[PDB]
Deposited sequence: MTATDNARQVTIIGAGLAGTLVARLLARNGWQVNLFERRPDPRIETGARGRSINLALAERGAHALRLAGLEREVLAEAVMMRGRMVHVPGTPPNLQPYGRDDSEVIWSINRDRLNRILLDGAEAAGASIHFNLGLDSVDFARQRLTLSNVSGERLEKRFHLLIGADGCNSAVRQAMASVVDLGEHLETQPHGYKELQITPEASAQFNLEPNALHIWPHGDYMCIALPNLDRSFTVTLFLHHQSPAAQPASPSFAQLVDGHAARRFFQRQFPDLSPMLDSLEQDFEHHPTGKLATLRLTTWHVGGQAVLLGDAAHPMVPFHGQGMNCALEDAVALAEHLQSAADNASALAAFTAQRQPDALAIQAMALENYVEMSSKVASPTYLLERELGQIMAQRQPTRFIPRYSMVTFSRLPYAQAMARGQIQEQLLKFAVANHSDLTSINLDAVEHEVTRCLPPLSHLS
């Protein structure tokens, strides 16, 4: 039986552990954190995530989809909140088949851990990777208190997140050709209780957004009617606009409260613990990191956030990481050797990871807020008339398994076609709809 060591019992690491173990591999998985299945007297994390068709299909192949979806809330559309105006619901599709699922991160992780152990994987918690000796095929792990221990390895999988220790170790033996692109927005996680969401009639079966230009809030629902809110705001005010809101200006919870009362007036009354949440939860960092290569011969490979950190504005990081886990297990299972498997996995996934990283950056403007309204109106008519040809980019990314690079290329043809059709036209009445449709049939092959 072939041997493998995986670092990081997160989302990609735990899924790939189950896929390899059920195919007869000897799997050992190491995780820095404690086992979340061991109940303690501590609170429990409220982190939520949007699970889309790519992630759901990966779980389906692993035989875990039904168990995960039993604990997920259906989001039928986007609820856009602009002050004074009643919240406006934008459905995703025509029926409940085109939906996004809101899943609690730690509930999903527990299901994945049980799934990996049921398949035969051995999981070791409270052990963080410190360094790797590639020549000697040994690695060094330690607990939170610094006690160190060495382990021999044959194949190493880095599923250890955006600040991957496996990626750092690989830099000693290969040039990963890394390029880090910082993002000016930080993030802060806040909470809405079940009592507060019911009192203010906040729709449970929707994804909520409070656009505000250079800053915004989003909220995802939980099974118990509570919601997890995320604030996206610049860490610092730029030199050109020193008066503009930023985390630096919000000195404490009371400053944060005054900011929410002014800028998010319909949201502030639902955040009962705003002051406490603001001071106790740390401000998160966002970035895009692109690598030239993801592997070292047949010895080590990266996947998920360890290979391609992206900005969270398309809700696709976990979905991409689960898609990566399926592809890595498929290549490893049937290749001539580990070196061939790792090079083939990198060649397949790199162009698709680059495409979603680019589309996620673009999506910030679409979430944070007449010509666009005209193009949207025309696009909707084309989608209704040619459903196998004109498919909005958001739908190709969220509700299909079309490779990310293909969704990006087709979306470009669609945008170009809409741009020329609307150019130097005030409204829809001056546009020949049949001529635009003929151009759709002329430029977009059916899928």
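- Residues of the deposited sequence that lack C-alpha coordinates fall in the stretches 1-6, 376-379, 458-461.
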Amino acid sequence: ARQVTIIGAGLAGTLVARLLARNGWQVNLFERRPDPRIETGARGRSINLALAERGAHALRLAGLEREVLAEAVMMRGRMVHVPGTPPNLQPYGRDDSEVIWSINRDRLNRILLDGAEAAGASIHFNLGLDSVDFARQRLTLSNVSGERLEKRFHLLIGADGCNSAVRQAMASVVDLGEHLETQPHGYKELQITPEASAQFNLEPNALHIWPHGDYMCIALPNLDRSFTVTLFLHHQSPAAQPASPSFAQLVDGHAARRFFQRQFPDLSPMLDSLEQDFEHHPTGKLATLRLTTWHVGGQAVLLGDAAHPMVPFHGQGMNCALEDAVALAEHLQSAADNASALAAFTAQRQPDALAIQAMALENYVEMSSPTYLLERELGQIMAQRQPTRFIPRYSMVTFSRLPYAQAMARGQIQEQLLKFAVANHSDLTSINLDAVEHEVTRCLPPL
From here on, numbers count along this sequence of modelled residues.
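Basically, rigid core = biggest C-alpha set you can superpose within 1.5 Å across the two forms.
- Between stretches 213-221 and 373-381, greater average Cα displacement in 7 other deposited structures of this protein relative to the shown form, fitted by the core, falls on 373-381.
- Root-mean-square C-alpha deviation from the shown form, taken over all structures in 7 other deposited structures of this protein superposed by the rigid core, is larger for 79-87 than for the alternative among 245-253 and 79-87.
- Higher mean CA temperature factor, per the PDB entry, when comparing 18-26 with 434-442: 434-442.
- When 116-124 is weighed against 136-144, 136-144 comes out higher, by mean CA B-factor as recorded in the entry.
- Within the group 106, 352, 96, 203, the record's highest C-alpha temperature factor is found at 96.
- Looking only at 365, 190, 318, 79, the residue with the top Cα B factor in the deposited structure is 365.
- Annotation for residue 312: CA B-factor lies in the middle third of the chain's modelled residues.
- Placement of the Cα temperature factor of residue 305 within the chain: lowest third of the modelled residues, per the deposited record.
- Split the chain's modelled residues into thirds by C-alpha temperature factor. Residue 346 is in the lowest one.
- Ranked against the other modelled residues of its chain, the C-alpha B-factor of residue 225 as given in the entry falls in the lowest third.
- Annotation for residue 379: CA B-factor lies in the highest third of the chain's modelled residues.
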